[PDB]
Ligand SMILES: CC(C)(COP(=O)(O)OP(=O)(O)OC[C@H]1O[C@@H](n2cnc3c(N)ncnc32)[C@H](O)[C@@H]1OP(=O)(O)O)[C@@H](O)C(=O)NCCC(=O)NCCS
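Taking the form solved without coenzyme A, here's one chain by itself in structure tokens.
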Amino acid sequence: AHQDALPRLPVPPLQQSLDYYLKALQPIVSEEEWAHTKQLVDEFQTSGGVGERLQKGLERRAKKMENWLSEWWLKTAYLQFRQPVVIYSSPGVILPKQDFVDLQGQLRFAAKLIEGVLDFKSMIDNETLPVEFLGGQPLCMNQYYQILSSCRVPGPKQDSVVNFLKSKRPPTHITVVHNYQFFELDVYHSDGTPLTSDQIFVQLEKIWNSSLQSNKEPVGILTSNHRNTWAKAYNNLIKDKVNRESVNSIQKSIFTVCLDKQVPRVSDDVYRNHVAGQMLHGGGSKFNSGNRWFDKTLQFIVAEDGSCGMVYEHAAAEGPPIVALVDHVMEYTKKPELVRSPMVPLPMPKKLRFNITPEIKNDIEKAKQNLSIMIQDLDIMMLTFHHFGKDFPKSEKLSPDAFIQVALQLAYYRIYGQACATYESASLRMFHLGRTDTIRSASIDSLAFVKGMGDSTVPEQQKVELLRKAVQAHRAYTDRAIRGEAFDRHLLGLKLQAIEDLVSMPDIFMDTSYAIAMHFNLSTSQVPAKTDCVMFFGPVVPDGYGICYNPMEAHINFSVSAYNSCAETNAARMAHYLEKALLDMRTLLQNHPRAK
């Protein structure tokens, strides 16, 4: 009923989008390249031309489908992406560190966490999860029905997803991994009632005692390899009926809980960076990378030292829906432990076995080698910006997110001397089945500001004006994107429509300007959460950065990633310049009051 009342994703007018495209290109391409693209655009949109025909095709597509973009996006962005999901696709999350100091404490917390997710699940099962709004504007809730009891499945050409949430007999178990060993744990009794936190603890204790040694092959590490490689290894793994049953249990589980092992202590200044690594990829074959199943949509990680977090498979949902679950769960783990009814006998959680063959052992070794290379190449820098949060920008009547994005543009320019194609995720949930579109942070106004900011000939008064204009221009682009008026998904649609129409690939998509526009040296996303957490992910290009943040009232949690294979990037440096840019913007604004 709620979904039926939501507006359908629109197809923007052709000229409007192309006009916005030309404006977004101005700061990132040469004068010569822009002039050439301008000519291609004029020809592409001409009356009776190629572009108009494709546009008509997209409009027809919107009339015959619930959402014209959904399937195309899922396929192009995720299912057909063949690189490992680890680092390159699945975002990691670091949650507030817990105070437990030993094994029993680690298990007690895991029990509360599990109970909390099940509490959230009750609202999903009963479709009682409150509809979200944006001031009076309804949001699509479909993503919430794709995260539990689901899993990505390797395919030889493209991947697929399985979702058991609404099956005849929905799964009633979660999977728990300890020392690379997987267990099927029922979290509901036969009578249908959920297990209590105390009962769950008792079961986790059995699981722990049944996996005290780390001498079993880390089959789960196979899920971290290239999708072509895993597709083949997967097909071979499940040829054996027992292995197939074990994989089936993992795929069907409501979610997976990873009880990680102790790891070497590191200097306090790089601790959070190492924890982020643990949450994103596991740290390596000798640490916790084998204590995972990366195809799983939801994986909660409880570390030996109190740290906790999670990693989720991106084909399922975006950051906001995931943090909605996080906020609900963390809040639940803080609730007073009420009366505990007389417990009852519990079954032995089933240890999922894997019959290893020389072939499977080889695949596992190859996966370890591949992951080692990936981890060595990742550069992560976690930054807790304590100076201020949403409070300062708000006091200046400036959008906090826009303020942060402009600061990132300033930091990038200060390091590189030029702007770069920049991506910021925009939520399209105001539309039925809406996922995301692109907000382009590098603009005519942002470039004018960053140049003016560092120009020793431009008066500070002018720098201030340029600052506000850039921030408001970004806010405007953000508002347009959320209302389905951005142009990136639209252009992608036109390209996919051309492919489906069996017409020659239009020149506008083969243009050097389009290649530049689609190569994001800065890939970013704001994921606000009530919980003091932070999300992170790998860059989308070899010479880029992956930046995510959670703006709180008085501070901001930042993550910055980069690849070591690119000598031109450095996560720490980027983080430091971002911190300084934010501070310099506050300083400038405070030194030039609007009324006194």
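Under this definition, the rigid core comprises the largest set of C-alpha atoms superposing within 1.5 Å between the forms. Residues that one form lacks are left out of the comparison. Throughout, we count residues from 1 along the sequence that is shown.
What follows is about the form solved in complex with coenzyme A, which we do not show.
Contact check at 4.5 Å (heavy atoms) against coenzyme A in the bound PDB entry: all three of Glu318, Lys397 and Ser425 pass. Taking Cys258, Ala110, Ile380, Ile439 one by one, only a single residue has any non-hydrogen atom within 4.5 Å of coenzyme A in the bound PDB entry, and it is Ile439. When you look in the bound PDB entry, the only residue of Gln526, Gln299, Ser285, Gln251 with a non-hydrogen atom within 4.5 Å of coenzyme A is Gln526.
Shown alone, this chain has one stretch from 508-516, 277-285, 307-315, 343-351 that lies within 4.5 Å of coenzyme A in the bound PDB entry by heavy atoms: 307-315. Taking non-hydrogen atoms only, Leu447 never approaches coenzyme A to within 4.5 angstroms in the bound PDB entry. Remark: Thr478 counts among the residues lining coenzyme A in the bound PDB entry, judged by a heavy atom distance of 4.5 Å or less. In the bound PDB entry, coenzyme A sits within 4.5 Å of a heavy atom belonging to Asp401. Mapping the unseen interface onto this chain, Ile482 counts among the residues with a heavy atom inside 4.5 Å of coenzyme A in the bound PDB entry. Along 108-146, a non-hydrogen atom within 4.5 Å of coenzyme A in the bound PDB entry is carried only by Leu134. With the rigid core aligned between this form and the one not shown, only one of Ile499, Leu134, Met348, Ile373 has a CA shift of 2 Å or more: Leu134. Taken over residues common to both forms, the rigid core alignment between this form and the one not shown yields 134-136, 340-342 as runs of three or more consecutive residues whose Cα atoms shift by 2 Å or more.
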